[PDB]
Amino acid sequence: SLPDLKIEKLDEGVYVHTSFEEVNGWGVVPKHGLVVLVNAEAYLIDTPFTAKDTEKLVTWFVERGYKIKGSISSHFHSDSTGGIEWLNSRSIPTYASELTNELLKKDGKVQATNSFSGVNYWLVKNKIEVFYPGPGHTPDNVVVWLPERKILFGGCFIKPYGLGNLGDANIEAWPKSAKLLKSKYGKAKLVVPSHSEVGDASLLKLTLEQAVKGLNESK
């Protein structure tokens, strides 16, 4: 069996949601995402694994006075996109990069209703920024930046002690992409990985070291 969805406040207007699922061979695994409050409204940064936990997530904030304005997925794997079907069925706007949407369609998965492209996209100007560092954990992976808090949600790109599942990874590009990410957000106060503890900007340096190391290993 699986632990309940957890929601804990991380900072002002910023929550970490952790959901869990059973994976063959691994057992129970965790996945972190964020909910960001913009005034009277809430944005999901990644959905939980399932429809059912996305609804519990959504409900928790609706019940506390926050309309769900939208939801953005950092990449196509179902630890970021599992709730997109449910959200869409509720007319809650979902966002993903054009690259993410291709990879969802290609796997027979429901796509985000809205898409964006390129390096920098404002989901909410001056409050929620999406950045594309280049291929790494997946071809499509992006990170989300909360400039008012200097909080970076890094998703499954942020891999300080081992790169994780390499099946969709781009090992030759990841050092590049990690270097760009480090240069751009070295002033982050908090960096939030998908599968490990929140840390500071040093997670950016360790991820770059890991990607280099992974690229060295493959030879």
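Residues carry their position along the shown sequence, with the first being 1. The term rigid core refers to the most C-alpha atoms you can superpose between the two forms while keeping them within 1.5 Å.
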Which segment is farther from the shown form on average in 4 other deposited structures of this protein after a rigid core fit, 204-212 or 16-24, going by CA atoms? 16-24
Given a rigid core fit, name the stretch, 176-184 or 26-34, whose C-alphas are on average farther from the form shown here in 4 other deposited structures of this protein. 26-34
Mean C-alpha B-factor comparison - 72-80 and 144-152, higher one: 144-152
Identify the stretch, either 104-112 or 135-143, whose C-alpha atoms have the larger mean B-factor according to the entry. 104-112
Out of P193, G186, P175, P30, residue topping the C-alpha B-factor column of the entry: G186
Out of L163, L180, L37, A169, residue topping the C-alpha B-factor column of the entry: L37
Within this chain's modelled residues, let me know which third the CA B factor of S97 belongs to: lowest, middle or highest. lowest
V62 - Cα temperature factor, lowest/middle/highest third of chain: highest
Record-listed C-alpha B factor of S117: chain third: highest
Could you tell me which third, lowest, middle or highest, the C-alpha B-factor of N126 occupies within its chain? highest
Is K56 in the lowest, middle or highest third of its chain when residues are ranked by C-alpha B-factor? highest
